[PDB]
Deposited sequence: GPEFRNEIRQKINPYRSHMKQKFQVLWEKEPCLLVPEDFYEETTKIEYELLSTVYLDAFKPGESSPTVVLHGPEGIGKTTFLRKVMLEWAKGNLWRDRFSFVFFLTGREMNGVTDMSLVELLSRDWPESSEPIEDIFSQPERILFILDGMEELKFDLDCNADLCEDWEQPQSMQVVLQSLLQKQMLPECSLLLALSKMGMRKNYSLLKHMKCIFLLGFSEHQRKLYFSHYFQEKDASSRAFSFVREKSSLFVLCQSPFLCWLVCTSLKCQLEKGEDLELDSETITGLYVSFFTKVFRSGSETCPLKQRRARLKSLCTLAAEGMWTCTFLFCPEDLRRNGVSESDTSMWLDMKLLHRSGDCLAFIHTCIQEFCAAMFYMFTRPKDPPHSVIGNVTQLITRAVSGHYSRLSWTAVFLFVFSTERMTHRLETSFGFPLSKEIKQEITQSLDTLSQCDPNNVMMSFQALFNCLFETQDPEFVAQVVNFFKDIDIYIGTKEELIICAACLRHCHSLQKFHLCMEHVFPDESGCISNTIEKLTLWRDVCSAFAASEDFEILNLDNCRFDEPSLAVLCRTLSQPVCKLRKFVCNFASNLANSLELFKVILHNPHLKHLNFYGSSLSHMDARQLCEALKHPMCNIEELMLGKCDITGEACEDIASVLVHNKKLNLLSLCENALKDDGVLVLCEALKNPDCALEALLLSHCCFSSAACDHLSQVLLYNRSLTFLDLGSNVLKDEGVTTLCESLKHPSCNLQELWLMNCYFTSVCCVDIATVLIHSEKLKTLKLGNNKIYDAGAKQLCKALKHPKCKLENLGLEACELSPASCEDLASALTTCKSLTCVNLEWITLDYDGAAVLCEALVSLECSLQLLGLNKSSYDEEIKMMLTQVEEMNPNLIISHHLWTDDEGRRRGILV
């Protein structure tokens, strides 16, 4: 074996770690039996020396991930693993790293690197010979994202977050290999960050392995047989015993019950029940020579220790910390003996992070509603808020425990088992906290309804679940497993408060011959979820984002929405249309007179699909007033059918066909439908429809003959001034009812600006004009400003944003703002400014004659002097807002593009 001092140092260090850290040391042959498959998988998956992947050790908490990583490193350091694949392996743990504030990868590695050896840069000469093991990533004080930039230099000092994110995204030592340990929650959290992923699942014990674990814990035989028989007779307990840590919990609980002499009782209704039984019986069997008052004081001090640790993302407790939280030497000895704490060096740690979270939740059970703030540990409202708001999701398990503790049954269990009283105001605290969150603005909060639903589900309190869920009106949820379907059905079964529902569902209804695959249980759960749609008589918006149905599930949803009791108003079905989908959605459209807005943005339709859609719309039970079909792959032939709808449904008044390819023959057919002075359509959006000036002829005949059409969007079309001139000739006559015109990015120039200037003088009805993103090069600007100076131009909103404007237009713009009394909004973003033009513009802006309410300008993108001038403008005209990105979101929403 090659001489290596670092390898031997790690051998000694992890040999010592392997023998005293775990809850119970089992014979090594047993451990090797229990994890044989995973060890072999790892050893062969890394022998690759095209690229090397990052392998994630996947499993639930307490399954033994950290133990497996330590065994792997110990076997490598002894020379028994990766002998000819990795020369150096580094073991990084999250809690030890959290202490590091500002360090480079080299310094962190140097921490455990003996000087009497090779240098670190020399070992970095060959990066593929390095493996990084990252254990306890979920215990980090920061999140991992691509938000922060990622440097590629190991020598250069950086914050530890940047080092980890660079290592993970492979922008730092790309040749090295990564070994991650993640739970299901961590897997879902960091799936986006990880690429080229390879997974190894830990499986825990089998039934024979559970028997052997019991035989190893109980050094006798007959009581071991008794305990195994008792746990086997109960199904849920045996199922939970697959996890070695839960198995050890059950062992210690039963061992206390047996050494006490009591009969074998155990609670396995929930995981929280097993935790409560373990903690209860260890406390009773480990504290008997102590009076009740000091028992309560000691437990409360320990729980405060855990709560402070969890709120500061700390899991190692120096003696000074125990003294601060009121934990004395006697208390430390007692908890070490009863095996809720163990040493992790010179410091102490909880036997497992889950036990620490248990005590942290327990801490709130000693509290009063009118308690002074701890200034470190947040109160119940803060904990609930941080746990059900998606940004952090750090104190999740704690909150879950607290939810379960707040039930009357479990508060009773806790009080009876401990012997002292505990707070019963905690359910009310949680309820009021969730109500307060619900009454907040849904956009500013970003609720995580998966987290809230999990917490509610664990209480098994249907009335509590109904009360809490009915506080919320705008709900969004992802369903991709049966577990999440069960939880969502439980939480929404008795929900009658829905306003907006956003749903994404995958992996549940495959429709691979849905007859054989779908089950009555799945349909019943789905029907229960749908019951909220028809039971909530406040239901405005249903947004189905990339959902995957089969015929029965879709039929259930459509029949739910068809019921006359349903009050749906907006149906937003993104990217979904087939033959049976057509049939069922047409049942939806027909049956409901309350449904008025329909947005199919993105769903690629065919000729027959559009034919069937229009045939369903022509039914006289259809009250659709807004129809958005953007990016539906609609073409000219389908226009033949759409025109038909315009003839029949006098209730329809807004139609958007953006991002399609009408190609002037569809526009011809649509103008043929529109010309008839029976079509009641009031708003038309044909943005980016790949048509030209040829259609502007026919559209002109529309403008003369429609007394209902008031809004036209023709942006992103090649009009080349002939189309704009034809339309302007049509719009010269005041009898036209057009109010709003959008011709942005239409590839015209100054030449047609004269004709526009004519309509501005003759129209008494055109109030909003967007001519932005066109190269008017100050000639069009000068002509339009002179037109606006006319004492008959009733124009209210003008957009010339990003029009190749220069400081020469300023003066002429400055004179329009002070003369057009009806002009209240002007978009001039991306104009290039100097001092001599910014001064004139600001003089205009601060004037009483200037009747402008909204100015579109990008203040940040200028020098300091002009920034100071615009700030002075803001402080001298208290009615004017200067801002950029004025109309982007409004344009997207009205076109139907965003949603």
### Query
Which parts of the deposited chain sequence are absent from the coordinates, listed in sequence order?
1-9, 59-62
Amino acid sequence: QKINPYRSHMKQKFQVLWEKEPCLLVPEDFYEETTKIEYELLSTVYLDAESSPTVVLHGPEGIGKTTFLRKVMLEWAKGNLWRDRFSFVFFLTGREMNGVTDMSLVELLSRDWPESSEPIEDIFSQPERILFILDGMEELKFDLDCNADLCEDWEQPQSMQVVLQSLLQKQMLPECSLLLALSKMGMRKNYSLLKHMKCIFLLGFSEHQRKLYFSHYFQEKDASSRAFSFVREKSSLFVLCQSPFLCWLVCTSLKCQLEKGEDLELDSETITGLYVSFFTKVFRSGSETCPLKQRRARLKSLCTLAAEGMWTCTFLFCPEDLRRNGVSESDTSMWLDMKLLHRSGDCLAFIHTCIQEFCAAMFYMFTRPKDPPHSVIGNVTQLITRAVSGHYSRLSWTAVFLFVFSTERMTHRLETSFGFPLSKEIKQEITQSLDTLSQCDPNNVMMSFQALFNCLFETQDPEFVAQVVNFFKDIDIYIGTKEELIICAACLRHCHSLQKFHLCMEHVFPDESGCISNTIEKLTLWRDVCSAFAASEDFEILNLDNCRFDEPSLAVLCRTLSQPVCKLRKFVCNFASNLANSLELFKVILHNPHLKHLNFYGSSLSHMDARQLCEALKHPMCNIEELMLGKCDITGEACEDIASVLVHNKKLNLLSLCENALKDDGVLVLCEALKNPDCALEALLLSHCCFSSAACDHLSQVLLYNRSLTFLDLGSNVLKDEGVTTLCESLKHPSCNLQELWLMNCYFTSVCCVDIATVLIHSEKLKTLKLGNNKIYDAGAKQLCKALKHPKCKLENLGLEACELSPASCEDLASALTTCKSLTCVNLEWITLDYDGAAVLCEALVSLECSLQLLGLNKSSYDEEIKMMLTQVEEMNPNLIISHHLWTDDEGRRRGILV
From here on, numbers count along this sequence of modelled residues.
### Task
Tell me which of 58-66 and 834-842 has the higher mean C-alpha B-factor in the deposited entry.
834-842
### Query
301-309 versus 150-158: which one carries the higher mean Cα B factor per the record?
150-158
### Query
Looking at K78, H496, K596, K650, which has the highest Cα B-factor in the entry?
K650
### Message
Highest recorded C-alpha temperature factor, please, choosing from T524, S87, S192, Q242.
### Response
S192
### Task
Can you work out whether the C-alpha temperature factor of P372 puts it in the lowest, middle or highest third of the chain?
middle
### Query
Going by the entry, which third of its chain does the Cα temperature factor of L42 land in?
lowest
### Query
Once the chain's modelled residues are ordered by C-alpha B factor and cut into thirds, is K770 in the lowest, middle or highest one?
middle
### Task
Quick one: classify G480 as lowest, middle or highest third of the chain based on its Cα B-factor.
lowest
### Task
Sorting the chain's modelled residues by C-alpha B-factor, tell me whether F748 ends up in the lowest, middle or highest third.
highest
